[PDB]
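Asker: Before I ask anything, let me first share the structure, which is written out below as structure tokens.
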């Protein structure tokens with residue numbers, strides 16, 4: 016499939032974050048540059064996307080919060096992201112992966128800034144998406 020934006024557009028449960036991204040792009044030059052980055056095939060990124068189960072339509076996010084969902088160095092898959100991994104984001108802050116092994120589970124249970132990961136490793140041509148339980152927050 017397509018770039019990070021196109022893949023985000025392909026999931027009904029991710030429409031509210033998409034709406035925020037698109038509205039941000041039409042709001043400011045910063046917002047437009049963020050959307051252009053998501054569609055740039057010469058970069059790689061890791062985009063954490065809060066699902067509509069934790070983000071409503073009446074919870075307008077700031078541009079800084081939106082951009083903080085993009086770990087902007089490279090694509091980090093499930094099997095790259097161990098306990099204590101810190102990820103630099105586009106706004107200059109850091110996300111923290113925490114992770115332990117419940118021996119019963121088929122995979123490690125992991126969190127990003129304490130948010131549950133609901134789906135790992137959704138591929139895009141210029142990045143990877145992980146769906147999370149609720150939005151991240153820029154400091």
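Residue numbers (my numbering): 16 to 154. Virtual Cβ for every residue (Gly too), placed ideally from N, Cα, C.
Please classify residue 23 as buried or exposed, where buried requires at least 16 neighbouring CB atoms within 10 angstroms.
Answerer: Around the beta carbon of residue 23, 16 or more other beta carbons lie within 10 angstroms, which makes this residue buried.
Asker: Roughly how far, in whole angstroms, is the beta-carbon of residue 144 from the beta-carbon of residue 130, given that I think they are within contact range, below 8 Å?
Answerer: Not quite, the Cβ-Cβ distance comes to about 14 Å (not below 8 Å), so this is no contact.
Asker: Is DSSP giving residue 21 helix, strand or coil here?
Answerer: Correct three-state label for residue 21: helix.
Asker: So who's on the other strand from residue 142, going by DSSP bridges?
Answerer: For residue 142, DSSP records a beta bridge to 60, 139.
Asker: By the three-class DSSP mapping on this structure, what secondary structure does residue 36 have?
Answerer: helix
Asker: Rounded to whole angstroms, how far is the Cβ of residue 53 from the Cβ of residue 20, which I believe are closer than 8 Å?
Answerer: 4 Å
Asker: State the start and end residues of the unbroken alpha helix (DSSP H) segment that holds residue 102.
Answerer: In the DSSP assignment, residue 102 falls outside any alpha helix (DSSP H) and within the unbroken beta strand (DSSP E) covering 101–103.
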